[PDB]
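Protein sequence lines correspond, in order, to chains A and B.
Using the entry's author numbering, the first residue of the first sequence is number 971, and each one after it goes up by one.
For reference, each letter of the second sequence is one residue, going 1780 to 1797, 1800 to 1824, 1841 to 1941 in the entry's author numbering.
Input: a single structure, listed below in structure tokens.
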Amino acid sequence: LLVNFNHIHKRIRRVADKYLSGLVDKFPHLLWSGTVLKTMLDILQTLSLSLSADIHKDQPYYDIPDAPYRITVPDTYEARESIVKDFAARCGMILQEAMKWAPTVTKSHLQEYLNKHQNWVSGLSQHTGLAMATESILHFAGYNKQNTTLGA
Amino acid sequence: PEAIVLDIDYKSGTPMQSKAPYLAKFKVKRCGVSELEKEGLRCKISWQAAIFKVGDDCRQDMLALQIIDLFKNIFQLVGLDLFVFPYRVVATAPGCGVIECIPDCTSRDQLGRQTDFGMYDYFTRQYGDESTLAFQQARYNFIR
């Protein structure tokens, strides 16, 4: 359902979004899973890389690493920017939803994700996935043991 | 002058309306220029179509095609993307000339007579909806 969220048509993505919302509503425990986050970061990085890839050049297809699928992109720059900006909000929404309930497990998963050799070489470039991961950790953090029970 | 004729098709003769011109088909091989020059003193295969015209001048077209070739060379050197097809033609006798034919000739007038509609409908029927990739590539080539 996540990989079908960015279809080229109009109603397909809407119905996919509705199905995803229903599925995540009836099964809350999928938020803190250890595979959904990696897949969504990978597809976000793929879209960010495809943002500027010489639109006139052919072959708009792309391959998602570690998962057999493909993604098609529109022709104009404006449509691509619009779709990537639209997708860049669900990531934050579900990240804050997951961090609200069980911060420990999702924090540990995020720490584990940032320890791969392949991404370290390209970290000197944009690598939007790592930036998202290191930016979403702070403003959903909480108090520690010492400052958990006090009155302002 | 950069090809060696191999044979002639004995069933492709078709005179056109007009002055008695006709159309001819040959099976030819492409070798080059210097190699052809050296091989002509001792004795990648395609087909070509030639049109023989009698009683008409063929000199302005040479200027037009020379200018077209020069423009194509300039555009190719600069690094842009412009498409032009400089078909060749040579006049040999007063009022007599030989004209090359572009492969897969398709006159606009014949298509208009067959369809009696705009070319947009023809393209939509040929390739499909505007949302496909083939339509986009055809549009890009047409703009070029």
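We treat Cβ as the ideally placed atom computed from N, Cα and C, and that holds for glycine.
Closest Cα partner of residue i within the set the options
i, options, result
"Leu1108 of chain A", "A:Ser1018, A:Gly1093, A:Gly1062 and A:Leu1120", "A:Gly1062"
"residue 1798 of chain B", "B:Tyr1884, B:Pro1780 and B:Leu1908", "For chain B, the structure lists 1797 followed at once by 1800, and that leaves residue 1798 of chain B out of the model."
"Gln1066 of chain A", "A:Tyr1039, A:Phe1110, A:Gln1081 and A:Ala1023", "A:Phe1110"
"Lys1055 of chain A", "A:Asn1114, A:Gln1015, A:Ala986 and A:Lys1077", "A:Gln1015"
"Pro1035 of chain A", "A:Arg1050, A:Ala986, A:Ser1052 and A:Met1010", "A:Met1010"
"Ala986 of chain A", "A:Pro998, A:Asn1114, A:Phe997 and A:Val973", "A:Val973"
"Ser1078 of chain A", "A:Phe1057, A:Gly1004, A:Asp1012 and A:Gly1112", "A:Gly1004"
"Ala1103 of chain A", "A:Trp1071, A:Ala1122 and A:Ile1064", "A:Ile1064"
"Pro1802 of chain B", "B:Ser1928, B:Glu1820 and B:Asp1853", "B:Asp1853"
"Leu1930 of chain B", "A:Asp1024, A:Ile982 and A:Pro1044", "A:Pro1044"
"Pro1883 of chain B", "B:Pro1891, B:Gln1934, B:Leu1822 and B:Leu1860", "B:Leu1860"
"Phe1880 of chain B", "B:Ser1843, B:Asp1788, B:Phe1939 and B:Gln1796", "B:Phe1939"
Residues that residue i bridges to, as DSSP identifies them
i, result
"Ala1037 of chain A", "DSSP output for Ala1037 of chain A lists no bridge partner at all."
"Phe1872 of chain B", "DSSP output for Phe1872 of chain B lists no bridge partner at all."
"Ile1865 of chain B", "DSSP, once it has assigned bridges, lists no residue as partnering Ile1865 of chain B."
"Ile1842 of chain B", "B:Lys1810"
"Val1886 of chain B", "B:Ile1896"
Assigned secondary structure, residue i (DSSP; H/G/I helix, E/B strand, else coil)
i, result
"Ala1101 of chain A", "helix"
"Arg1050 of chain A", "helix"
"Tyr1031 of chain A", "coil"
"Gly1894 of chain B", "strand"
"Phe1849 of chain B", "strand"
"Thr1118 of chain A", "coil"
"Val1881 of chain B", "coil"
"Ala1111 of chain A", "coil"
"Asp1056 of chain A", "helix"
"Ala1023 of chain A", "coil"
"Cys1902 of chain B", "coil"
"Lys1070 of chain A", "helix"
"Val1043 of chain A", "coil"
"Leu1001 of chain A", "coil"
"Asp1854 of chain B", "coil"
"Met1859 of chain B", "helix"
"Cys1061 of chain A", "helix"
CB contact below 8 Å: residue i versus chain A
i, result
"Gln1873 of chain B", "no"
"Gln1933 of chain B", "yes"
Any chain B beta carbon closer than 8 Å to residue i
i, result
"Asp1024 of chain A", "no"
"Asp1045 of chain A", "yes"
Continuous alpha helix (DSSP H) stretch holding residue i: start and end
i, result
"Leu990 of chain A", "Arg981 to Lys996"
"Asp1012 of chain A", "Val1006 to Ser1020"
"residue 1832 of chain B", "Residue 1832 of chain B cannot be placed in this structure, since chain B goes from 1824 to 1841 without the numbers between."
"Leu1080 of chain A", "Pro1073 to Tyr1083"
"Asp1918 of chain B", "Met1916 to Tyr1924"
"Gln1911 of chain B", "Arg1905 to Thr1912"
"residue 1124 of chain A", "Outside the modelled stretch of chain A, which goes from 971 to 1122, sits residue 1124 of chain A, for which no answer is possible."
"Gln1933 of chain B", "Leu1930 to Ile1940"
"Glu1820 of chain B", "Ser1815 to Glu1820"
Limits of the unbroken beta strand (DSSP E) element including residue i
i, result
"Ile1787 of chain B", "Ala1782 to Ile1787"
Residue i at chain D interface by Cβ criterion, 8 Å
i, result
"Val1887 of chain B", "Absent here is chain D; the protein component of the structure consists of chains A and B."
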